[PDB]
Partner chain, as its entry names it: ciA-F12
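What follows is a single chain, given as structure tokens, in the form solved without the partner chain.
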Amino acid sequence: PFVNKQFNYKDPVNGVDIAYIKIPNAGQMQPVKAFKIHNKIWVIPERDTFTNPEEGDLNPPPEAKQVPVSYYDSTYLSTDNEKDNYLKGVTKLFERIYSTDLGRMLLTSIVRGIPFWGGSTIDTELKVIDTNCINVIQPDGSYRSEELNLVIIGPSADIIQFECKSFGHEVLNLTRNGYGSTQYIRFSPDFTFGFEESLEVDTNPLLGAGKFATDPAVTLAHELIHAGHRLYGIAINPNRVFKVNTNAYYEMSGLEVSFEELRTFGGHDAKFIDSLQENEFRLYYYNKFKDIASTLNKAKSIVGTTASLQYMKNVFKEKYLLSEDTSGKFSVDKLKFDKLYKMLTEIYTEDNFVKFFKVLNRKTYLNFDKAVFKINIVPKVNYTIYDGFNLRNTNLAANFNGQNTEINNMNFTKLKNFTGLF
């Protein structure tokens, strides 16, 4: 299994994989109980009021001032039972993802995608960037800095605004300069979205009530894909967007969708990014990888005593798949760069995960959500690592009956309809 221990939220802290921690949010916070489910990966069963100090209020604004398509519940994830269920739900989704070859490949890439040690001002020394670490309270009550790649945390005020969040650098654009940074994914396994089986209905903002439910494993995978891009520092700048001209409803409102999202979804959506802008990005990131190889060559010493310079230089040789000549000098091989870049951007896509999970899912990112449902994937009678909602040897096994909220109604509680509110 990807997660070797089946944590219970109330398990006693041990200061190693169950501990109270603080994150580098450049602010003050009380320690929060966290769980290390795998090397470099932690889960914090708390609403995210930490990564962004300006988003510490879970209470919903006045009804007359609510972004109409959203969902608020200040009480969600406030009790121990909820946190226990959250932990078990997130763990289950990681196992479901890991159980597929594609998911195993993606998670392996994520674990190997250690944020680059580029926090040194002296080019002759290699140093870690503190914001790519968390402070773990040890048994003696002292704090120790631990590097990590990924954190899964609960959503902020708007429960359904799932997204990758990461700490920036004063000058370096870590998610776009090849360096990478620790990714905090706001996510919840306790809710999902309804979509429509007919394309003309799903992509219309006035039709459909959300007959089918999105498998949360796909939703998490989508975020993990963004995380992969960001950990390897190849995310596409959000200012690079597609001025949608294939959907009258999007078009009539001049709506734009980032290339990063289209790339992440994959399939036909990825084609909205023309060959010219794509060759542009590829060259840009190729050069960023070149700079990393260069920085490694100039490194003559390392800061800290946790690992050796040789060990860390090798860690990044593996991450970026660099080549080492006779002088021990690192260089970026075009074939290897293209292969890795393509893996992270074209192989790891939402559309491909749908193929591996064998689930029904939106056919394009350019659609309109229909509703949000409350769910509970923890009980095996409701959802499994192997079949999600479409349980084998039951009436829910075929035709995505498990995702059919009308047939499998006992597994979904519609909390809000979005149709007609865009």
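Residue numbers count along the first chain shown, from 1.
Participant: Averaging only over Cα atoms, indicate whether 256-264 or 279-287 has the higher B-factor in the PDB entry.
Facilitator: Per the deposited B-factors, the answer is 279-287.
Participant: Can you tell me which stretch has the higher mean Cα B-factor, 366-374 or 29-37?
Facilitator: The stretch with the larger mean CA B-factor is 29-37.
Participant: Out of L58, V381, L396, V359, which shows the largest CA B-factor listed in the entry?
Facilitator: Of the options given, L58 has the highest CA B-factor in the PDB entry.
Participant: From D101, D80, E350, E251, can you pick the one with the highest C-alpha B factor in the entry?
Facilitator: If I rank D101, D80, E350, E251 by C-alpha B-factor, first place goes to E251.
Participant: Please say which third, lowest, middle or highest, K211 falls into when its CA temperature factor is compared across its chain.
Facilitator: Answer is lowest: the recorded C-alpha B-factor places it there.
Participant: What third of its chain, lowest, middle or highest, does the C-alpha temperature factor of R112 fall into?
Facilitator: For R112, the deposited C-alpha B-factor lands in the middle third.
Participant: Report the third (lowest, middle or highest) to which the CA temperature factor of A64 belongs, ranking only the modelled residues of the same chain.
Facilitator: For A64, whose C-alpha B-factor we compare with every modelled residue in the chain, the answer is the highest third.
Participant: Compared with the other modelled residues in the chain, in which third is the CA B-factor of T192?
Facilitator: It falls in the bottom third of the chain.
Participant: Taking the entry's C-alpha B-factors for this chain, is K342 in the lowest, middle or highest third?
Facilitator: It falls in the bottom third of the chain.
Same protein, other form: the form solved in complex with the partner chain, not shown, and the subject of what follows.
Participant: Using a 4.5 angstroms cut-off on non-hydrogen atoms, would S142 count as touching the partner chain in the bound PDB entry?
Facilitator: Contact with the partner chain, yes.
Participant: Find out whether any non-hydrogen atom of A397 is located within 4.5 angstroms of the partner chain in the bound PDB entry, and reply yes or no.
Facilitator: No - in the bound PDB entry, heavy atoms of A397 and the partner chain never come within 4.5 Å of each other.
Participant: In the bound PDB entry, does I137 have a heavy atom within 4.5 Å of the partner chain?
Facilitator: Although the partner chain is absent here, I137 would touch it in the bound PDB entry, with heavy atoms inside 4.5 Å.
Participant: Pick out the residues of 2-21 whose heavy atoms come within 4.5 Å of the partner chain in the bound PDB entry.
Facilitator: In sequence order, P12, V13, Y20 come within 4.5 Å of the partner.
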